[PDB]
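# Structure at a glance
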Amino acid sequence: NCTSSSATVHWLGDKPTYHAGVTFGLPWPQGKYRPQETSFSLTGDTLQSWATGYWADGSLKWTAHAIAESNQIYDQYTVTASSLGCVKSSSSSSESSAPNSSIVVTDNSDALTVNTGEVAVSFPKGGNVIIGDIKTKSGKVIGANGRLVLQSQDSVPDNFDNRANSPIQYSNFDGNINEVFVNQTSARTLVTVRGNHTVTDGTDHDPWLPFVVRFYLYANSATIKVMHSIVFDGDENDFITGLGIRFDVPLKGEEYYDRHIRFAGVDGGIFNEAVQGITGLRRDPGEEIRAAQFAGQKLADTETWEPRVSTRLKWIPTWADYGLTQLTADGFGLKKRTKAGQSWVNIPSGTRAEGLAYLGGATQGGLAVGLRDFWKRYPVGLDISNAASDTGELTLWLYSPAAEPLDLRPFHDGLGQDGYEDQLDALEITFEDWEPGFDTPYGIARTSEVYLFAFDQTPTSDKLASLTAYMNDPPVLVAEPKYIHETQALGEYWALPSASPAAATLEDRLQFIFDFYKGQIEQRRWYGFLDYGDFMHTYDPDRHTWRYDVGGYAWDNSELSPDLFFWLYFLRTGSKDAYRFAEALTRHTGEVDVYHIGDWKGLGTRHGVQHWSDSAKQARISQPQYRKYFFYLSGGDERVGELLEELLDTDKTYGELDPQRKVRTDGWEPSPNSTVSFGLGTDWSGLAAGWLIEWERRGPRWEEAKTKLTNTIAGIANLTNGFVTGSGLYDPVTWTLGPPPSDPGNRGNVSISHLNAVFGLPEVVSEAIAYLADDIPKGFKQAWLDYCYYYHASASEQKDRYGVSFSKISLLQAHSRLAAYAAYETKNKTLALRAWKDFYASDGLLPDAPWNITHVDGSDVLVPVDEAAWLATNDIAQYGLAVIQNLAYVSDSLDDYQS
Amino acid sequence: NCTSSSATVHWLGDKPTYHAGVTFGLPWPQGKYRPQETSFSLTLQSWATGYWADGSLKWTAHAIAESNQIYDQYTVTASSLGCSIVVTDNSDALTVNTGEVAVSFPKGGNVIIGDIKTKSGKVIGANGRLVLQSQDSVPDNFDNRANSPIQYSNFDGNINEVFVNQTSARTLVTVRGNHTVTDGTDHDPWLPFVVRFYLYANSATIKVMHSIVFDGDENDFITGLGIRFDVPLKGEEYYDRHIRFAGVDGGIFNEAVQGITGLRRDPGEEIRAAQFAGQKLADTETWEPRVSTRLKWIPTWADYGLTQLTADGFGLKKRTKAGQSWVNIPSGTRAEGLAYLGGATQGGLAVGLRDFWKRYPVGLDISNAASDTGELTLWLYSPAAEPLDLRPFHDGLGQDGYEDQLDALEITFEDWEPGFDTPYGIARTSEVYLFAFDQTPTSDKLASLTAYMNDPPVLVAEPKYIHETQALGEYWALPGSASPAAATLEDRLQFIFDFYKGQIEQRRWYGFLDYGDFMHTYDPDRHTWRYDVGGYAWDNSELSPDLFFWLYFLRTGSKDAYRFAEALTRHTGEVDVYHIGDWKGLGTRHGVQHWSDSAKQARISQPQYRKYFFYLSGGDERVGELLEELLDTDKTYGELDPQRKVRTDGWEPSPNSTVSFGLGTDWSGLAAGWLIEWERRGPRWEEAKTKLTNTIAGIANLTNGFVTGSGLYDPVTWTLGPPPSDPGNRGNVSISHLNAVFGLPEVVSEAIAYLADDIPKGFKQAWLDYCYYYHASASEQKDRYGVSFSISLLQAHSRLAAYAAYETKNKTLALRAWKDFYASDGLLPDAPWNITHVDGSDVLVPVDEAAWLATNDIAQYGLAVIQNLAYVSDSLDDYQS
Ligand SMILES: C[C@@H]1O[C@@H](O)[C@H](O[C@H]2O[C@H](C(=O)O)[C@H](O[C@@H]3O[C@@H](C)[C@H](O)[C@@H](O)[C@H]3O[C@H]3OC(C(=O)O)=C[C@H](O)[C@H]3O)[C@H](O)[C@H]2O)[C@H](O)[C@H]1O
Ligand SMILES: C[C@@H]1O[C@@H](O)[C@H](O[C@H]2O[C@H](C(=O)O)[C@H](O[C@@H]3O[C@@H](C)[C@H](O)[C@@H](O[C@H]4OC(C(=O)O)=C[C@H](O)[C@H]4O)[C@H]3O)[C@H](O)[C@H]2O)[C@H](O)[C@H]1O
Ligand SMILES: [Ca+2]
Ligand SMILES: [Ca+2]
């Protein structure tokens, strides 16, 4: 007999005018549905399912779902879930369905084809071509020989004058395929292609700059979503200069006046030309034949037009190449030329190109290609080539050659810092912890969301403007905030927006903080091929910039869990903008700010002037927990899935590198075949986050990840001082966690750090406590409750319990949330009030702060800005978390405190 | 016995907050003041710029020194007979000294300013040098760079001649040369230059008119063009060395090598706020010692680069030193194009380029600020850009011989030919400024100076007085509207002026060579000017818009008008015209490129187009040079035939053997050029007057006169007789609608008035006839003449009928002039007369438009309004039936 429950999914924003199939996630109550013994139906007012994560007990926690492209787009989609008991007490009779369209593949020795019903595309299993051909339903080829291009240079000149005496040696590469994979379903098929960049033209090289590219194809869709990621493994002499994706468009049978070129301009504008310019000649071929060219239709046979024009094609020139380049965030240049050899002709251009180009004909068809958030990921470009020839070229430049080349070398020389002592003394003035050869981008990554669109004939510009919009704002379905909370499938430590007017203005300040930071991206132009998605760490109130050039006060690189603030803000609110902002952050931080290959695979790089400048390579930047929310909302984004998997090697890095090497007083140092020393707060919050997630996903290494998390949780519980213990040692063969170097025989150590609880520890711990349920090692929960309570007890209370008082605690507003927890967990209203007091009257932001922005115009600044010189990013992140977590755990004591 | 009058001069826009000396012109009525014996007092530097025929003063020029006292009006009194900068000259270099600044210019070498010095004797800048970089080839596309290695060559402007007009308030310093190689492909000297330095008494700002003629191959691709200076800054502590960049809309960027703001430790709110203000920071002893030690770990920012490679977006970047990466700097849209380098104690320099972001691609660099001497470059063309591709935009399309060329003309509207797609001999004048400071100034001063150069102030005469003097035309009068029909004409001129002024911004008519011009005709299907079909693209003065705009300013005094007209005349005079070689004096005709079209002609180069901007401004010395250049326009008619290819004869040109001129299409421009050199009394005036006054007399004795087609000009005797296919007179009658639209009625109108009683024969009739007869009845085109004409631009030629009507006193004609204006071709009173906005997927960027008009229409519509109102507004009331 039956268990069945429904859960509704809404468009992130407005009901979109078009979508090309979407994937969403739903959560489910702990203990309610067994996998593969639960079916899922869909009501849209008037469904392809799979599990992404499971509960402790093995029931479904998070699933993911996929709907085909449709012209029916509903205000809401409701997903019912019936168990097997439902269909197995029947004597009623379903009709059996049959979708109007449904994907079919052909797996092959040579290639692999995927037929959506509107296109068929081929995926070579080897070679230097990712997509062999893209076919309409007609059977005709619309684009083909899709390939990844990369150019480099060997050197870069000191300054412009120096070009004369320094020679740049250029070299070209082809994306070489090495594996192809498939996740086939009726509704959507993921094609994952992994490989390398290998040489073809210019100087010889090792194969390098790896890539994985994911092609997403939905039933009934000529749209193909492309998630292109590369790990960077260049060295001192590897300057990327172009990075791109190129397709051949046929055009062979096509009268030039019937071949059309389009680019997206600004605010949903389209550029509309053909290879041969019949509009605005001296002589007219007729209202209707001009009107039809502009509209991308096939023109009548030449014997129908006033022959003063028809007898004179030959003299009307023929435009082979077009070029859109976006090298700043504010202006794009656009040009064309007749053929390779002539000067180009400047076309009237504009500000911020929406980043799509189409190339085809009214008969031969064509494809279009584009990059989501195009101008925000400058320097980018869109190229057409050989449009007057037999086979045309259409290319998306992810990094335009027209730009200055990608320069990832260290921004300074070391400033003469010799040894650890100087390194730490640099940190006291610039807030940077430098080390020679740590200022490196070796192993960082970047993903880009690229769309391809196939066309039978030239589409209308209104259809082009639409797809261009589509791409830049890809429709997203998301579960209800209320329901995501009920399930408890994404943490206990947040809840929806109370009655207290104090609670009310706390929400208003979260919206202030958010509105500011969103506004501050545009105003400070936090855009760029690698930069976009991140923001900075502290303001310079004298200069009125953010501190882009002062060591650690520049790029924020997930310092004090801004990720958590913004994702928890989304979970509560359901705001589009909250998501869109957190999406962009998780895409940067997850990819740029963590090392994916190397001896540091697992670590991420602390805030710096570059995103890899600082020597602090630590787990608290890579921190899986920061990705956890977006993995599940989104329906297991398979890239972010890979990124969480990567991180399951973090623990190994403590054999290589100690983050305390410079400050550790107990002269420890790691050796091979020995126990390694990580932190019990910041370091372990990352390890344990990653181990929880693999356990939850039931991945290849789940039994392992489960084991490590339980052993380490018992270890901390068996330590003596628990988390107040500084930070023990860990055996990589036995996976157990023992006391630190200076306490061999649990006669407890004390090391306190204000950082230990602001990089996901509360979140990870609660989740883990919940997961292990009864199986939890005895006294872990107490050890954690201790840490929570004692942090901001009296100094006597601390001395009494721990020997010494906690002399270096700060971030009290930040830590207010640890009270709010232990308050809830112990049903102690005096400890609840500790939260509200430490939040309302200690450090961070404070209720009587300005809580407004000032405008700064005129000669003090390059360009007009708004500023709030009174807040820093560390302030807004931990404030935000405190607001959400204190309201979560102790709403009921807030009015009590106020009164 | 005394004759004294007065004449008042006004700022162009609002009263300026600040100027740096100003030169301005004043016209004077005919036969009023004798040169060398008429004194001038303000409430004053003076000199003659044009003279009347009887030698009396026609246009003067005047300079006032830089002054903190700045007044609303300035009044100059002229007085008949009846009633301070210091230059030194060592045997090496000349130095001008204004009171504030002292600049030394070498007489030779690859350095053009030696050093700049503040009254205190302190060197703030040094080694002013013209920079250039070229490359030999450009890749076809971006994949082509590993299989086509590119060889760069570096040059720097060698000096050849150095002239000095010195006076008390003002001191011009004119330095000619070309770019002599240093490192790179052993290249011959090329790219000749004229740089004019204006230095006024009192100022420490310098006006710098940098002119340059392109004289290079299909292989000479300019990557970078700069003006470069060394800032000393030796014993200035790092934290006391400042950097600025003007950004957007009165903004200024403000750092220093070695940041003391933004740090973990705070030295002291006073200290920080000094660095931001650009002041010498207090002793290290007064600092907080956690900041004052540790200075060795705070990095030093040597290099700074601001590129503006589009019209809407600039970048900004910094580098500790070369070898390390750059760090991106919060940037924005449209840099106003100044930069400062210098120090609190050591002082320093600031360079800037007027209209910086409009003349893209441009950069401003600062280098070696961590060193003992720092570089400060203004790049006039940015090495960051693609390298200036002056080649032809097509390979001819399979066109072989005149048959094809002319046939293509019937579809794409361009007259092609091989070898004529060449920019050899075009020029371009960039207006630069330099600013010398004893100490890093207030960044509110840098803002006001960046405002200074992007809108340098202008002192111009009263329109009522310029009309009264008759120094520029009698063919224009002030709006003073008395009918309802008049004011709607005035409104329409204002409609036209706005629409055009906006189209520059909307259609992005911006760029190194592009900025100043507009386009010819619109494409109503695409919603775009015809930027890619032959002669429908760049308008290169066709049908005399230069002549409409500069007239509109004369009448109004609108600052906008002046500025629009200015930037045009700064383009058409320089980039469309040829300055060296065989075609020197001919302008290329309207095309996709400014030099694409094979029809190189005199109608474009027409000196009348620059006449007004020359005299207003007080004889701009670069425009003065150009007006001379055009005196060798006639030399080109034994070198090229504008009527070849359209010629059914066997004829072919050689020098010193007679040629045919269209009396409007060719003569109007020569007459104009000659009448100017005469007016000015230049190195060739006597020549010019004889050539002009001959060719005038020549016409009056052609039996039919202007009604005869072309003339027969003898380069040896400088005379003009009847054309081939009519020797011995008897009579020729050949009419083209193109004659009266390219200057004719303004040159004839001015020459007649300039000559008075020395006017030959009945030239005045020979003119009057063509005016009356151009659109009389075909029956009256027998009664006189005997061969009924074959009529083409009637609204435009309405001006000519109006001229005759005033000169005759003939209201029959005046009413016909109005009936052609309102009821013939051209625009038409019932026309749409509004703009339509266009957006969505129909265009790239949203835009306004009127496809019911084109640039031909508006120019001749505009001239027609102004001239029919001036001559025959009386008849407008009476007309309205
Ligand atoms: C192990 C490793 O060691 C260093 O590489 C580095 O530690 C330094 O940076 C820390 C960090 O990045 O968070 C940290 O900083 C404090 O906390 C942050 C939030 C503040 O921005 C800092 O001002 C700093 O504050 C303390 O210092 C000050 C101050 O004004 O300087 C005032 C407060 O009262 C103090 O709490 C460490 O303290 C630094 O050693 C790595 O982070 C670390 O993991
Ligand atoms: C003689 C010499 O040779 C040619 O290379 C070229 O002539 C051609 O271009 C002219 C030009 O201005 O560029 C003229 O076009 C002339 O007048 C302008 C105002 C008009 O656009 C034309 O109107 C001709 O236009 C048409 C038409 O094509 O439908 C009909 C009208 O009645 C005409 O006014 C245009 O003729 C020449 O006519 C043209 O042959 C050089 O410019 C020329 O000096
Ligand atoms: Ca970052
Ligand atoms: Ca031009």
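Residues numbered from 1 in each chain as written, not as in the entry; some residues may be left out. Chains lettered and ligands numbered in written order. Heavy atoms only, no water. Residues with missing side-chain atoms left out of burial classes, pairs and counts.

Per the deposited record, the coordinates in this entry were obtained by X-ray crystallography to a resolution of 3.20 Å.

As a further point, take the site of ligand 2. The local shell around ligand 2 holds 16 residues, among which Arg283(A), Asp415(B), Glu542(B), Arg589(B) and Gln601(B) are the closest. Per-site note: the chains with residues close to ligand 2 are chains A and B. Take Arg603(B): an N or O atom from its side chain is 2.9 Å from an oxygen atom of ligand 2. Surface burial for ligand 2 is 70%, taken as the share of its 770 Å² of free accessible area covered by protein chains. Class assignment of the residues belonging to the shell around ligand 2 gives a composition of five nonpolar, five polar and six charged. (Near = heavy atom within 4 Å. Polar contact = N/O pair within 3.5 Å; in protein donor to acceptor, adjacent residues only side chain to side chain. Areas by Shrake-Rupley, 256 points an atom, 1.4 Å probe, with all protein chains shown as cover. Nonpolar A, V, L, I, M, F, W, Y, C, P; charged D, E, K, R; others polar.)

Here we take up the coordination of the calcium ion (ligand 4). Residues and elements named next belong to chain B. Within the first shell, the calcium ion (ligand 4) binds the protein through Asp517 (OD), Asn540 (OD1), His571 (NE2), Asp576 (OD), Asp576 (OD) and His594 (ND1), at distances of 2.0 to 2.4 Å. Because the angles between the six donor atoms bound to the calcium ion (ligand 4) fall within 60 to 163°, the donor set is best described as irregular. Written as a sequence motif, the donor arrangement for the calcium ion (ligand 4) is D-x22-N-x30-H-x4-D-x17-H. Of the two residues, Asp576 is situated in helix α8 (residues 559–576) and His594 in the loop between β30 (587–588) and β31 (600–601); the sequence distance between them amounts to 18 residues. (Donors = N, O, S within 2.8 Å, 3.2 Å for Na, K, Ca; no water. Tetrahedral: all angles 85-135°; square planar, octahedral: opposite > 155°, others 65-115°. Helix = DSSP H or I, 4+ residues; strand = E, 2+ residues; numbered from the N terminus.)

A separate point is the site of ligand 1. Surveying the vicinity of ligand 1 reveals 16 residues, the closest of which are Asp433(A), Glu559(A), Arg606(A), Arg620(A) and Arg265(B). Surrounding ligand 1 are residues belonging to chains A and B, so the site spans chains. The separation between an oxygen atom of ligand 1 and a polar side-chain atom of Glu559(A) is 2.7 Å. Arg620(A) places a polar side-chain atom, nitrogen or oxygen, 2.5 Å from an oxygen atom of ligand 1. Taking 800 Å² as the accessible area of ligand 1 by itself, protein coverage stands at 69%. Among the residues forming the shell around ligand 1, the class breakdown is three nonpolar, seven polar and six charged.

What follows covers the packing of aromatic side chains. All names here are of chain A. In this structure the tally under the stated criterion is 143 aromatic pairs over all chains. Their ring planes at 5° and their centres at 5.6 Å tell us that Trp62 and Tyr632 sit as a pair that is stacked. Note on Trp62: relative accessible area 0%, which makes it buried. In this structure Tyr632 comes out as buried when scored by relative accessible area, which is 0%. Geometrically, the ring pair formed by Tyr517 and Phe535 is edge-to-face, given 5.7 Å between the ring centres and 90° between the ring planes. A residue pair is termed long-range when its members are at least 10 positions apart, and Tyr517 in helix α6 (residues 501–523) and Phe535 in the loop between α6 and β28 (539–540) qualify at 18 residues. Across the pair, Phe535 and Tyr517 agree in class, each one buried. (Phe/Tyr/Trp six-rings, centres within 6.5 Å; stacked < 30°, edge-to-face > 60°. Buried < 20%, exposed > 50% of the residue type's maximum accessible area, 1.4 Å probe, protein only.)

On to the pairing of strand β26 (residues 445–455) of chain A, then. All names here are of chain A. Within β26, 11 of the 11 residues are buried, leaving the element largely enclosed by the surrounding structure. In β26, alternate side chains face the same way, and those of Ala445, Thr447, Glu449, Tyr451, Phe453 and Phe455 on one face and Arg446, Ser448, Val450, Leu452 and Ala454 on the other are all buried. Note: strand β15 (residues 223–231) against β26, nine bridges, orientation antiparallel. In the strand pairing of β26, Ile224 is matched with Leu452. Bridge count for strand β23 (residues 365–371) against β26 is six bridges, and the pairing is antiparallel. Each bridged residue has a counterpart across the sheet, and for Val369 the counterpart in β26 is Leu452. (Pairing = 2+ DSSP bridges.)

Below, the discussion takes up the interface of chain B and chain A. On the side of chain A, 107 residues touch chain B, which itself brings 106 residues to the contact. Broken down by element, the residue count for the side of chain B that touches chain A peaks at seven residues, all from helix α3 (residues 401–412) of chain B. (Contact = heavy atoms within 4.5 Å.)

This part takes up the sheet that holds strand β5 (residues 60–67) of chain A. Residues and elements named next belong to chain A. Spatial ordering of the open sheet is given by β2-β5-β4, a layout of three strands whose pairing is antiparallel. What marks the edges here is a single partner per strand, and that holds for β2 (22–27) and β4 (48–54). Each strand axis lies, on average, 25° off the axis of its neighbour in the sheet, ignoring direction. Packing of helix α13 (residues 682–697) onto the sheet brings it into contact with β4 and β5, and relative to β4 it is tilted by some 140°. (Axes fitted to C-alpha atoms, helices over the stretch in contact; angles between N-to-C directions.)

What follows concerns the nonpolar core. Counting 464 residues, the largest nonpolar core has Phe215(A), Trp684(A), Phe197(B), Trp667(B) and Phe706(B) as its most contacted members. At 11 residues, helix α19 (residues 855–879) of chain B tops the list of elements feeding residues into this core. Setting aside chain neighbours within four positions, we find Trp667(B) in contact with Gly662(B), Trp674(B), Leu692(B), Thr695(B), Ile696(B), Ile699(B), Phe706(B), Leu744(B), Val748(B) and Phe763(B). Counting 17 residues, the second largest nonpolar core, distinct from the first, contains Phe431(A), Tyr553(A), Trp297(B) and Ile298(B). (Core = buried A, V, L, I, M, F, W, Y, C linked by side-chain atoms within 4.5 Å.)

All names here are of chain A. The coordination sphere of the calcium ion (ligand 3) contains the protein donors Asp534 (OD), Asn557 (ND2), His588 (NE2), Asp593 (OD), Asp593 (OD) and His611 (ND1), at a distance range of 2.0 to 2.7 Å. For the calcium ion (ligand 3), the six donor atoms are set out with angles of 53 to 169° between them, so the coordination reads as irregular. Of the residues examined, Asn557 reaches a relative accessible area of 0% and is grouped as buried. Here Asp593 falls in the buried class, since its relative accessible area comes to 0%.

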